[PDB]
Amino acid sequence: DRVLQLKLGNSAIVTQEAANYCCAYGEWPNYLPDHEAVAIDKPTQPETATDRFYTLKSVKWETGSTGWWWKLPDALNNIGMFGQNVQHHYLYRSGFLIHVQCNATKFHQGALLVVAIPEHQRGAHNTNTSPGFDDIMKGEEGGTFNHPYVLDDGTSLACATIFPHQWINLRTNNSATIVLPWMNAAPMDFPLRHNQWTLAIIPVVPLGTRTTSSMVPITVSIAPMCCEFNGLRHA
Amino acid sequence: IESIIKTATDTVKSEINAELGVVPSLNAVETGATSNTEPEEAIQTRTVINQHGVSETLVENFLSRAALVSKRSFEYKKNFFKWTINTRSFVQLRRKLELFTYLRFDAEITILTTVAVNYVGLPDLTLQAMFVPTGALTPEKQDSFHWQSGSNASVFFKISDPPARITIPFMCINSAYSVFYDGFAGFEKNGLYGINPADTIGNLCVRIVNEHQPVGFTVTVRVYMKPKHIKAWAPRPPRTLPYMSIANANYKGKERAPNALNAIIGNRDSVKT
Amino acid sequence: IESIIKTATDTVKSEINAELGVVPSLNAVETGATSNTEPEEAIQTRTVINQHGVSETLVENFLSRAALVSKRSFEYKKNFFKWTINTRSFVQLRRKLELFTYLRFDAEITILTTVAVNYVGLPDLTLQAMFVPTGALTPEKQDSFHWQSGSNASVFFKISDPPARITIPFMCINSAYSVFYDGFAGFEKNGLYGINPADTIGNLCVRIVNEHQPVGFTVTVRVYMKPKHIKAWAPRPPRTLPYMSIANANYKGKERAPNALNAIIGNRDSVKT
Amino acid sequence: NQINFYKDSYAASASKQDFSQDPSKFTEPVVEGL
Amino acid sequence: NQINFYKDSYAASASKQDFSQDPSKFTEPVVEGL
Amino acid sequence: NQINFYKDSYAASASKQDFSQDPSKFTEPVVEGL
Amino acid sequence: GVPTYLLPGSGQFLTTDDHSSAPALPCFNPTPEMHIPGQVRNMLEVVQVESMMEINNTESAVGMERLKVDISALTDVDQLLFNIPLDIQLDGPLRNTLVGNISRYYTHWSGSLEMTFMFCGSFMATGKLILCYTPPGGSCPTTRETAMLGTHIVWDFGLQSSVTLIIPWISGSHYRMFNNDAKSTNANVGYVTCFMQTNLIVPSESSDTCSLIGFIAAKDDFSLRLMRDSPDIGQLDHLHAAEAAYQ
Amino acid sequence: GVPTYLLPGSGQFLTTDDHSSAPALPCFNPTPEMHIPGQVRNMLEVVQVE
Amino acid sequence: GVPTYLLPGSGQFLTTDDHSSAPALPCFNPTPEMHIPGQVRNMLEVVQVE
């Protein structure tokens, strides 16, 4: 039950110690049915070179660290053949797969809450001005939580288990794997302005040891599955 | 799986257990799952038939109440009332809608009005509420020509009568209302964060029909809304810190321990109190 | 045993009796029982068919009337009305509930209001009654933010209209209301005698919506209650001495022979009068 | 002819059709019959 | 006994007859059963 | 459920049940088919 | 002519009414429904999900360090670690959970609860605990000699790192109230408290201070009644851009 | 439109009325009934006791 | 006597109402219909013309 192997396209990920992978709200990603389609062009379904694991840049976890986040349609807009279909087409529809990797020795401790939030409308602290195109829309790198205790929008962290999530407890496992379906009010969506999901990992129990002082990075892989595009343009 | 639940569940009699290899009370919350320890397997129980109904905690019972959405008083001696429609104006209706992400309902709007002439009594008056959609031209004067429109939906009512009630269907162009929106509104590089153009309804203009007489007035208008036929998706955690504005979700926090920024729950003396 | 009685019983013809060994008229009340001497066995009777119906002395006919529970007048120039709910305020409804120990009914509440401006006439006014349960926050001002609540049950009515009527179900956490309670309320050593926390309903707050104008008012509110669907257990003797307070059952007694402490029935000259 | 269009059952009228009666619990409470 | 004489279907009353329920999407979201 | 107790037939409500449609009198008015 | 007299209670605006209303937009056609994942039809599907709680709500604990409790090695035989006041209505650790925020809109509650503890120490660390619950008759227990007599569980730190303590529904009545008095007979629930069974033992290389995270949810017989207004939101502060809709 | 004229005696509050009333608490569920001993259903069971 | 309470929203003049109305001219007989060419029954027959 601990050992697991995923394969999508020409990619594969192998792990030995990992708790089960969860499906968000009991669902599995699929294509668009005929009785729900709206646009009348034939969609472009490439089915390879857009269904792979794309790894992001690793971040270093320290004692004073306080959390990280990402925006899932936006983090992949300049990576590979996913980032080229997005710029030429006008609509898309897809579902993702997240895989978070962080390991240590037998003598370390710590815990991470790996949660996935739909429509995470952020908020700025102690002002009236809304945030702009800056401080959101950071491609392939993620902002750091200023006040992670209230998820930087006022809602409490203590009820953030209502979203699909797993835990990375360094005593037990070193991996977390979440499958996300298409979730939006509309059947397709413009990818350069709206972001559906928001991956966010938050260190609840900070790490600590008395062996040595060594780097411990955290790595995130994302795999868009069952993606399809429509409405061809120039750039 | 899916099943019809009318009342709460019941408990069956328990015996003593000394089984090896089986542990009900241990689990692992690192999987993201929730515990499934029945009380039959933790203590010794009796058999209890349970008649407690669960029909009051439904979503259509939790939401469908008449809540205030607008209140504004205008003097009659800009001579009328105009309100771009939002549900973020009053903080007690708002926090109950912030629990969900998507919603699909049919409202039911009641306009309640009272007057206070500033002979302290009053004769009969007549009102007019007109629902201007987006795009259409809104009036800017009491006797503008935009009030003669036969196409906009209007309603006339009096002060002496019971208040006006209509109903309004599901108006969005998508299949649900987006309470939250993590995107922009325009195709340009600099737009407005947090709003979608798929949820903009329009204006609601209210005037008083009678010509100004010898005496000035003071008219106070209240608008209530009750949802109907509610479907709801994706529950969310509730808002804890107080609100700060309407166009966004900023947060400030109170100064002292209840609902402060570094403390939601007020302090205690020690952990072993 | 159990039987359905629609009308009163009848009498059958009696003959002369000189039977030995049989005595109908003797009994023993030391057993705690009641006499069972039929009139057929004490005198000589005829046969009488009886049509007298007994349908008016039912418990649901004896109780279900509209009785006053509250009356309080507030001036408008603490600007509103607040009443922690009890049924011990007026002594004529109270004494009819003191006959039983347990009760289970559904009330039906009518709020009747009248006003007297202190131009002696008056324009139209609008009221608001809100039912605050226990635990919830009660307002302390006419225009407090606790009146915008969509969750508390409210009702708006006018002076010119027929009065407001609602109905309220059986609200207790037990299976009956305890009219009497021979216990305390808290787990501490010193609590309050004679009250249970299983019977506390909450507040009922009434304000007037219109803004204060040139002229002051005087509003008088009456609240009636009619029980419905009554079940009653354990009859008790009626109260004889007058009441003294609400939180308990003290007694003082009048000074002179009717309903005095040492005499309930007024005096007579001699026993052989 | 009673009438209600409300969805709740406690909103109805009263009823006066309950003529069952057991008087021999207050008058004859003893065990051994006389 | 519901009642409406309006031609539109969204003008009706509410309904409280929807007792279907699937709680094991929030509490047991995993794939491999325990 | 429509309702009228008036003796005249023009006193009734409107009706929205007329979905018949012949669009090819304005768009294809010609004689010889293409 | 149908003779109709009008009974009292006519023309009133009851906010919980249920009647048909006149359509403002005739012959409107709504957009067709689409399968959006994750539909909730009953608010008891949300209170069965676990959610953490602020055991360490003492002062000079800034931020998200209020969610965990620190345990360490010690020199005496038996020692207390913490205790939780089971008061949803008052300002306690349970106010900010999912079973806390949802059930303050209602005023009667009836069911069972469960508490789930996750140990976040290192792999080389061992130890045992005891987690007991006492019914509300007396005061809080001080030592382990008067606290073993309640409903307890004894937990060993093993491969899998969670335990579950069921708080059973012991009550005379059918429901309980969210009363403002803590020591009322229909509102006082009990006391949950934790002691050390054996010691917390670590090697020289692991960190001495380990942590615990406390979860809470409801079971499948939980029930709620008589909806009211929430005591949480109580400020009356006027907010920016309110008059912008009112030109 | 149903033609209804209203007869005298309308809008009066007779204290012995018997009509249905609007519910203030929708979808409420009362506590179930329990057998409490000694139920009286008629006030002629009390006047037959010495 | 039929007991009728009147609910809110009574006596209002909604411009999009649909109810029967009282005839002003009783026993009137309209002129019979004649086939006039070019009848439109739906406003989507007009927006399909170039």
# chains A, B, ... in the order shown; residues from 1 in each chain; ligands from 1

call {"tool": "closest_atom_pairs", "arguments": {"of": "chain I", "to": "chain D", "cutoff": "12 Å", "atoms": "only C-alpha atoms", "output": "CSV"}}
result
residue,atom,partner,partner_atom,distance
I:2,CA,D:3,CA,10.1
I:3,CA,D:3,CA,9.3
I:4,CA,D:3,CA,10.9
I:5,CA,D:5,CA,11.8

call {"tool": "write_last_selection", "arguments": {"atoms": "C-alpha atoms", "output": "PDB file, in the first residue's frame"}}
result
ATOM      1  CA  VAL I   2     -64.411  31.428   3.534  1.00  0.00           C
ATOM      2  CA  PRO I   3     -61.484  32.463   5.769  1.00  0.00           C
ATOM      3  CA  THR I   4     -58.964  34.268   3.570  1.00  0.00           C
ATOM      4  CA  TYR I   5     -55.910  36.149   4.807  1.00  0.00           C
TER       5      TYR I   5
END

call {"tool": "calpha_fit_and_write", "arguments": {"fixed": "chain F", "moving": "chain D", "output": "JSON list (two decimals) with N, CA and C atoms, in the first residue's frame"}}
result
[["chain", "number", "residue", "atom", "x", "y", "z"],
["D", 1, "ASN", "N", -52.67, 27.09, -14.79],
["D", 1, "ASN", "CA", -54.11, 26.98, -14.63],
["D", 1, "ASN", "C", -54.79, 28.32, -14.83],
["D", 2, "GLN", "N", -55.26, 28.57, -16.05],
["D", 2, "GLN", "CA", -55.95, 29.82, -16.35],
["D", 2, "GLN", "C", -57.33, 29.84, -15.69],
["D", 3, "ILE", "N", -57.85, 31.05, -15.49],
["D", 3, "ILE", "CA", -59.10, 31.25, -14.77],
["D", 3, "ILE", "C", -59.82, 32.51, -15.24],
["D", 4, "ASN", "N", -61.08, 32.37, -15.66],
["D", 4, "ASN", "CA", -61.93, 33.52, -15.93],
["D", 4, "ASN", "C", -63.39, 33.14, -15.71],
["D", 5, "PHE", "N", -64.13, 34.02, -15.06],
["D", 5, "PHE", "CA", -65.56, 33.83, -14.89],
["D", 5, "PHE", "C", -66.36, 34.85, -15.69],
["D", 6, "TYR", "N", -65.75, 35.48, -16.68],
["D", 6, "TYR", "CA", -66.46, 36.45, -17.49],
["D", 6, "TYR", "C", -67.09, 35.78, -18.70],
["D", 7, "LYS", "N", -68.21, 36.33, -19.16],
["D", 7, "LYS", "CA", -68.97, 35.68, -20.21],
["D", 7, "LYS", "C", -68.36, 35.92, -21.59],
["D", 8, "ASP", "N", -67.48, 36.91, -21.70],
["D", 8, "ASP", "CA", -66.91, 37.27, -22.99],
["D", 8, "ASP", "C", -65.56, 36.59, -23.17],
["D", 9, "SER", "N", -65.24, 36.23, -24.41],
["D", 9, "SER", "CA", -64.05, 35.43, -24.66],
["D", 9, "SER", "C", -62.80, 36.29, -24.82],
["D", 10, "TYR", "N", -62.97, 37.59, -25.05],
["D", 10, "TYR", "CA", -61.82, 38.45, -25.22],
["D", 10, "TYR", "C", -61.30, 38.95, -23.89],
["D", 11, "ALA", "N", -61.94, 38.54, -22.80],
["D", 11, "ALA", "CA", -61.54, 38.97, -21.47],
["D", 11, "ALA", "C", -60.48, 38.08, -20.86],
["D", 12, "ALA", "N", -60.02, 37.06, -21.57],
["D", 12, "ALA", "CA", -59.14, 36.06, -20.98],
["D", 12, "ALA", "C", -57.71, 36.58, -20.91],
["D", 13, "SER", "N", -56.81, 35.72, -20.47],
["D", 13, "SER", "CA", -55.40, 36.06, -20.41],
["D", 13, "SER", "C", -54.77, 35.90, -21.79],
["D", 14, "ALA", "N", -53.48, 36.19, -21.86],
["D", 14, "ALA", "CA", -52.74, 35.90, -23.08],
["D", 14, "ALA", "C", -52.41, 34.41, -23.14],
["D", 15, "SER", "N", -51.83, 33.99, -24.26],
["D", 15, "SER", "CA", -51.40, 32.61, -24.45],
["D", 15, "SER", "C", -50.06, 32.59, -25.16],
["D", 16, "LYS", "N", -49.16, 31.73, -24.71],
["D", 16, "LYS", "CA", -47.82, 31.63, -25.27],
["D", 16, "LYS", "C", -47.54, 30.23, -25.80],
["D", 17, "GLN", "N", -48.51, 29.64, -26.49],
["D", 17, "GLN", "CA", -48.39, 28.27, -26.96],
["D", 17, "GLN", "C", -48.29, 28.19, -28.48],
["D", 18, "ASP", "N", -47.95, 29.28, -29.15],
["D", 18, "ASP", "CA", -48.00, 29.33, -30.61],
["D", 18, "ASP", "C", -46.57, 29.29, -31.14],
["D", 19, "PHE", "N", -46.03, 28.08, -31.28],
["D", 19, "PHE", "CA", -44.64, 27.91, -31.69],
["D", 19, "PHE", "C", -44.50, 27.57, -33.16],
["D", 20, "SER", "N", -45.57, 27.67, -33.94],
["D", 20, "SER", "CA", -45.46, 27.46, -35.37],
["D", 20, "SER", "C", -44.68, 28.59, -36.01],
["D", 21, "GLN", "N", -43.99, 28.28, -37.09],
["D", 21, "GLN", "CA", -42.99, 29.19, -37.64],
["D", 21, "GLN", "C", -42.69, 28.78, -39.07],
["D", 22, "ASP", "N", -42.70, 29.75, -39.98],
["D", 22, "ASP", "CA", -42.37, 29.53, -41.39],
["D", 22, "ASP", "C", -41.36, 30.60, -41.77],
["D", 23, "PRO", "N", -40.07, 30.34, -41.57],
["D", 23, "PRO", "CA", -39.08, 31.38, -41.86],
["D", 23, "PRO", "C", -38.78, 31.55, -43.33],
["D", 24, "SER", "N", -39.14, 30.59, -44.16],
["D", 24, "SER", "CA", -38.75, 30.61, -45.57],
["D", 24, "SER", "C", -39.80, 31.30, -46.44],
["D", 25, "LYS", "N", -40.21, 32.48, -46.00],
["D", 25, "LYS", "CA", -40.98, 33.41, -46.80],
["D", 25, "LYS", "C", -40.29, 34.74, -46.94],
["D", 26, "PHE", "N", -39.39, 35.05, -46.02],
["D", 26, "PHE", "CA", -38.58, 36.24, -46.03],
["D", 26, "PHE", "C", -37.18, 35.96, -46.54],
["D", 27, "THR", "N", -36.66, 34.76, -46.28],
["D", 27, "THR", "CA", -35.29, 34.40, -46.64],
["D", 27, "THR", "C", -35.18, 33.73, -48.00],
["D", 28, "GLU", "N", -36.17, 32.93, -48.39],
["D", 28, "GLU", "CA", -36.19, 32.29, -49.71],
["D", 28, "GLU", "C", -37.49, 32.62, -50.41],
["D", 29, "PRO", "N", -37.63, 33.84, -50.95],
["D", 29, "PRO", "CA", -38.89, 34.21, -51.59],
["D", 29, "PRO", "C", -38.99, 33.83, -53.06],
["D", 30, "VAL", "N", -37.94, 33.26, -53.65],
["D", 30, "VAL", "CA", -37.87, 33.01, -55.08],
["D", 30, "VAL", "C", -38.74, 31.83, -55.48],
["D", 31, "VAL", "N", -38.92, 31.63, -56.78],
["D", 31, "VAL", "CA", -39.75, 30.55, -57.31],
["D", 31, "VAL", "C", -38.91, 29.31, -57.58],
["D", 32, "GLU", "N", -37.94, 29.44, -58.47],
["D", 32, "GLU", "CA", -37.09, 28.31, -58.82],
["D", 32, "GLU", "C", -36.12, 28.02, -57.68],
["D", 33, "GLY", "N", -36.17, 26.79, -57.17],
["D", 33, "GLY", "CA", -35.31, 26.42, -56.06],
["D", 33, "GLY", "C", -33.88, 26.27, -56.52],
["D", 34, "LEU", "N", -32.96, 26.72, -55.67],
["D", 34, "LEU", "CA", -31.54, 26.78, -56.00],
["D", 34, "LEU", "C", -30.89, 25.41, -56.20]]

call {"tool": "select_by_dssp", "arguments": {"residues": "stretch 29-185 of chain G", "states": "helix (DSSP H, G or I)", "output": "ChimeraX atom specification"}}
result
/G:63-66,98-102

call {"tool": "write_last_selection", "arguments": {"atoms": "N, CA and C atoms", "output": "short mmCIF file (atom, residue, chain, number, x, y, z; two decimals), in the first residue's frame"}}
result
data_model
loop_
_atom_site.label_atom_id
_atom_site.label_comp_id
_atom_site.auth_asym_id
_atom_site.auth_seq_id
_atom_site.Cartn_x
_atom_site.Cartn_y
_atom_site.Cartn_z
N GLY G 63 0.49 33.74 16.46
CA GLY G 63 0.24 33.15 15.17
C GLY G 63 -0.15 31.70 15.21
N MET G 64 0.40 30.91 14.30
CA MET G 64 0.02 29.52 14.12
C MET G 64 0.78 28.57 15.02
N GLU G 65 1.45 29.10 16.05
CA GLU G 65 1.98 28.29 17.13
C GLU G 65 0.94 28.02 18.20
N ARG G 66 -0.27 28.52 18.03
CA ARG G 66 -1.37 28.28 18.93
C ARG G 66 -2.11 26.99 18.61
N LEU G 98 -14.93 23.48 12.46
CA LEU G 98 -16.09 23.33 11.58
C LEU G 98 -17.34 22.95 12.36
N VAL G 99 -17.20 22.14 13.40
CA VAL G 99 -18.35 21.83 14.22
C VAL G 99 -18.68 23.01 15.12
N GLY G 100 -17.75 23.94 15.29
CA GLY G 100 -18.00 25.11 16.09
C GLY G 100 -18.72 26.22 15.35
N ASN G 101 -18.27 26.56 14.15
CA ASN G 101 -18.82 27.72 13.46
C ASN G 101 -20.19 27.45 12.87
N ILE G 102 -20.39 26.24 12.35
CA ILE G 102 -21.69 25.84 11.82
C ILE G 102 -22.79 25.65 12.87
#

call {"tool": "atom_distance", "arguments": {"atom1": "atom CA of residue B:272", "atom2": "atom CA of residue G:121"}}
result
21.6 Å

call {"tool": "atom_distance", "arguments": {"atom1": "atom CA of residue G:60", "atom2": "atom CA of residue B:255"}}
result
15.0 Å

call {"tool": "calpha_fit_and_write", "arguments": {"fixed": "chain H", "moving": "chain I", "output": "compact mmCIF listing (two decimals) with N, CA and C atoms, in the first residue's frame"}}
result
# COMPACT_ATOMS: atom_id res chain seq x y z
N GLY I 1 -59.58 36.13 -11.93
CA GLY I 1 -60.19 36.96 -10.91
C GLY I 1 -61.46 36.37 -10.35
N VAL I 2 -61.45 36.03 -9.07
CA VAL I 2 -62.61 35.45 -8.41
C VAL I 2 -63.37 36.57 -7.70
N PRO I 3 -64.63 36.81 -8.02
CA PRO I 3 -65.37 37.91 -7.39
C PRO I 3 -65.78 37.56 -5.97
N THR I 4 -65.18 38.24 -5.00
CA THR I 4 -65.46 37.99 -3.59
C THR I 4 -65.84 39.27 -2.89
N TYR I 5 -67.06 39.35 -2.38
CA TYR I 5 -67.47 40.42 -1.49
C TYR I 5 -67.25 39.97 -0.06
N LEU I 6 -66.88 40.89 0.82
CA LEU I 6 -66.56 40.52 2.19
C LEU I 6 -67.69 40.93 3.13
N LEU I 7 -68.18 39.95 3.88
CA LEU I 7 -69.35 40.04 4.73
C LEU I 7 -68.96 40.64 6.08
N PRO I 8 -69.92 41.17 6.86
CA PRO I 8 -69.58 41.78 8.15
C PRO I 8 -69.03 40.78 9.15
N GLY I 9 -68.24 41.30 10.08
CA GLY I 9 -67.50 40.44 10.97
C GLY I 9 -66.20 39.96 10.37
N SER I 10 -65.44 40.85 9.76
CA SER I 10 -64.15 40.49 9.18
C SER I 10 -63.06 41.34 9.80
N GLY I 11 -61.96 40.70 10.18
CA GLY I 11 -60.89 41.40 10.84
C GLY I 11 -61.05 41.54 12.34
N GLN I 12 -62.05 40.91 12.92
CA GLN I 12 -62.27 40.94 14.35
C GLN I 12 -61.42 39.87 15.01
N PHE I 13 -61.07 40.10 16.27
CA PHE I 13 -60.27 39.16 17.03
C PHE I 13 -61.15 38.57 18.13
N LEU I 14 -61.81 37.47 17.81
CA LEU I 14 -62.59 36.72 18.77
C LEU I 14 -61.65 35.77 19.50
N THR I 15 -61.70 35.79 20.83
CA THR I 15 -60.71 35.04 21.61
C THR I 15 -60.93 33.54 21.56
N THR I 16 -62.14 33.09 21.22
CA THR I 16 -62.43 31.67 21.11
C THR I 16 -62.44 31.21 19.65
N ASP I 17 -61.62 31.82 18.81
CA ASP I 17 -61.55 31.43 17.41
C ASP I 17 -60.80 30.12 17.25
N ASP I 18 -60.97 29.51 16.08
CA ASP I 18 -60.33 28.23 15.78
C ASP I 18 -59.97 28.24 14.30
N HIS I 19 -58.75 28.68 14.00
CA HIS I 19 -58.28 28.69 12.62
C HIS I 19 -56.81 28.32 12.60
N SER I 20 -56.32 27.96 11.42
CA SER I 20 -54.91 27.66 11.25
C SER I 20 -54.10 28.95 11.27
N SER I 21 -52.83 28.83 11.64
CA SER I 21 -51.96 29.99 11.78
C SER I 21 -50.62 29.73 11.11
N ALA I 22 -49.96 30.82 10.75
CA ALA I 22 -48.73 30.73 9.96
C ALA I 22 -47.57 30.29 10.84
N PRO I 23 -46.78 29.31 10.41
CA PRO I 23 -45.67 28.84 11.25
C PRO I 23 -44.52 29.83 11.29
N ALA I 24 -44.01 30.07 12.49
CA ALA I 24 -42.87 30.95 12.65
C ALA I 24 -41.55 30.21 12.49
N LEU I 25 -41.51 28.92 12.82
CA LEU I 25 -40.30 28.11 12.76
C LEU I 25 -40.53 27.00 11.74
N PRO I 26 -40.07 27.17 10.51
CA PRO I 26 -40.28 26.14 9.50
C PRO I 26 -39.35 24.95 9.67
N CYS I 27 -39.90 23.77 9.33
CA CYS I 27 -39.20 22.48 9.37
C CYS I 27 -38.68 22.15 10.76
N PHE I 28 -39.48 22.43 11.78
CA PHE I 28 -39.12 22.11 13.15
C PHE I 28 -39.55 20.69 13.45
N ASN I 29 -38.80 20.01 14.31
CA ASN I 29 -39.09 18.63 14.68
C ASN I 29 -39.20 18.49 16.18
N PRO I 30 -40.40 18.29 16.73
CA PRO I 30 -40.55 18.23 18.18
C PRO I 30 -39.94 16.96 18.76
N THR I 31 -39.67 17.01 20.06
CA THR I 31 -39.12 15.85 20.74
C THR I 31 -40.18 14.76 20.82
N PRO I 32 -39.79 13.49 20.69
CA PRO I 32 -40.78 12.42 20.65
C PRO I 32 -41.45 12.20 22.00
N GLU I 33 -42.65 11.64 21.94
CA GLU I 33 -43.49 11.50 23.11
C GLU I 33 -43.04 10.34 23.98
N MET I 34 -43.21 10.49 25.28
CA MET I 34 -42.82 9.47 26.25
C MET I 34 -44.01 9.21 27.16
N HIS I 35 -44.15 7.96 27.58
CA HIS I 35 -45.26 7.55 28.44
C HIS I 35 -45.04 8.05 29.86
N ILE I 36 -45.64 9.18 30.19
CA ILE I 36 -45.65 9.71 31.56
C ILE I 36 -46.93 9.22 32.23
N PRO I 37 -46.86 8.63 33.41
CA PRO I 37 -48.06 8.06 34.03
C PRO I 37 -49.02 9.10 34.57
N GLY I 38 -50.30 8.80 34.46
CA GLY I 38 -51.34 9.63 35.03
C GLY I 38 -51.82 10.73 34.12
N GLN I 39 -52.33 10.37 32.94
CA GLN I 39 -52.83 11.35 31.99
C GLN I 39 -54.32 11.57 32.18
N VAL I 40 -54.73 12.83 32.18
CA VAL I 40 -56.13 13.22 32.25
C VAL I 40 -56.55 13.78 30.89
N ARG I 41 -57.69 13.31 30.38
CA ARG I 41 -58.21 13.77 29.10
C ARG I 41 -59.56 14.46 29.22
N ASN I 42 -60.12 14.54 30.43
CA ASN I 42 -61.46 15.07 30.62
C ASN I 42 -61.54 15.54 32.06
N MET I 43 -62.09 16.73 32.29
CA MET I 43 -62.09 17.28 33.63
C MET I 43 -63.19 16.73 34.51
N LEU I 44 -63.85 15.65 34.11
CA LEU I 44 -64.77 14.93 34.98
C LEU I 44 -64.12 13.72 35.62
N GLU I 45 -62.85 13.49 35.35
CA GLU I 45 -62.10 12.47 36.07
C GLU I 45 -61.56 12.99 37.39
N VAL I 46 -61.62 14.30 37.61
CA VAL I 46 -61.01 14.93 38.76
C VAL I 46 -62.10 15.21 39.79
N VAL I 47 -63.32 15.48 39.31
CA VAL I 47 -64.42 15.76 40.22
C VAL I 47 -65.10 14.51 40.73
N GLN I 48 -64.58 13.33 40.42
CA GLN I 48 -65.09 12.09 40.98
C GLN I 48 -64.21 11.57 42.10
N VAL I 49 -63.28 12.38 42.58
CA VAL I 49 -62.36 12.01 43.64
C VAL I 49 -62.81 12.72 44.91
N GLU I 50 -62.87 11.98 46.02
CA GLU I 50 -63.35 12.52 47.28
C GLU I 50 -62.39 13.56 47.83

call {"tool": "atom_distance", "arguments": {"atom1": "atom CA of residue A:156", "atom2": "atom CA of residue B:236"}}
result
10.2 Å

call {"tool": "closest_residue", "arguments": {"among": "C:124, C:108, C:38, C:199", "to": "residue C:66", "atoms": "only C-alpha atoms"}}
result
C:108

call {"tool": "residues_around", "arguments": {"residues": "residue C:138", "least_positions_apart": "5", "cutoff": "12 Å", "atoms": "only C-alpha atoms", "output": "ChimeraX atom specification"}}
result
/C:80-84,130-133,144-149,152,202-206 /G:228-231,234

call {"tool": "closest_atom_pairs", "arguments": {"of": "chain A", "to": "chain E", "cutoff": "7 Å", "atoms": "only C-alpha atoms", "output": "JSON lines"}}
result
{"residue": "A:20", "atom": "CA", "partner": "E:32", "partner_atom": "CA", "distance": 6.6}
{"residue": "A:21", "atom": "CA", "partner": "E:30", "partner_atom": "CA", "distance": 6.0}
{"residue": "A:22", "atom": "CA", "partner": "E:30", "partner_atom": "CA", "distance": 4.0}
{"residue": "A:23", "atom": "CA", "partner": "E:29", "partner_atom": "CA", "distance": 5.8}
{"residue": "A:24", "atom": "CA", "partner": "E:29", "partner_atom": "CA", "distance": 6.5}
{"residue": "A:25", "atom": "CA", "partner": "E:25", "partner_atom": "CA", "distance": 5.1}
{"residue": "A:26", "atom": "CA", "partner": "E:25", "partner_atom": "CA", "distance": 5.5}

call {"tool": "write_last_selection", "arguments": {"atoms": "N, CA and C atoms", "output": "CSV table (one decimal), in the first residue's frame"}}
result
chain,number,residue,atom,x,y,z
A,20,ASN,N,-1.9,6.8,0.6
A,20,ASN,CA,-2.8,6.8,-0.6
A,20,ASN,C,-3.0,8.1,-1.2
A,21,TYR,N,-3.3,8.1,-2.5
A,21,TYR,CA,-3.6,9.4,-3.2
A,21,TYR,C,-5.1,9.6,-3.2
A,22,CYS,N,-5.5,10.9,-3.0
A,22,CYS,CA,-6.9,11.2,-2.9
A,22,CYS,C,-7.4,11.8,-4.2
A,23,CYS,N,-8.6,11.5,-4.5
A,23,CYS,CA,-9.4,12.2,-5.6
A,23,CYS,C,-10.2,13.3,-5.0
A,24,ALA,N,-10.1,14.5,-5.6
A,24,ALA,CA,-10.9,15.6,-5.1
A,24,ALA,C,-12.4,15.4,-5.4
A,25,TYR,N,-13.2,15.3,-4.3
A,25,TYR,CA,-14.6,15.2,-4.3
A,25,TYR,C,-15.1,13.9,-5.1
A,26,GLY,N,-14.3,12.9,-5.0
A,26,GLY,CA,-14.7,11.6,-5.6
A,26,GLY,C,-14.6,11.5,-7.1

call {"tool": "select_by_dssp", "arguments": {"residues": "stretch 49-269 of chain B", "states": "strand (DSSP E)", "output": "MDAnalysis selection string"}}
result
chainID B and resid 67:75 81:84 100:106 109:115 127:133 153:156 164:165 177:178 202:208 218:225 228:235

call {"tool": "interface_residues", "arguments": {"of": "chain B", "to": "chain E", "cutoff": "7 Å", "atoms": "only C-alpha atoms", "output": "list in words"}}
result
residues 1, 2, 3, 4, 5, 6, 33, 34, 167, 169, 228 and 229 of chain B

call {"tool": "interface_residues", "arguments": {"of": "chain C", "to": "chain G", "cutoff": "7 Å", "atoms": "only C-alpha atoms", "output": "list in words"}}
result
residues 133, 134, 135, 136, 137, 145, 149, 151, 152, 153, 154, 155, 156, 157, 162, 163, 164, 165, 173, 174, 185, 186, 187, 197 and 198 of chain C

call {"tool": "residues_around", "arguments": {"residues": "stretch 118-135 of chain A", "least_positions_apart": "5", "cutoff": "6 Å", "atoms": "only C-alpha atoms", "output": "PyMOL selection string"}}
result
(chain A and resi 153+196-197) or (chain B and resi 180-182+249-252)
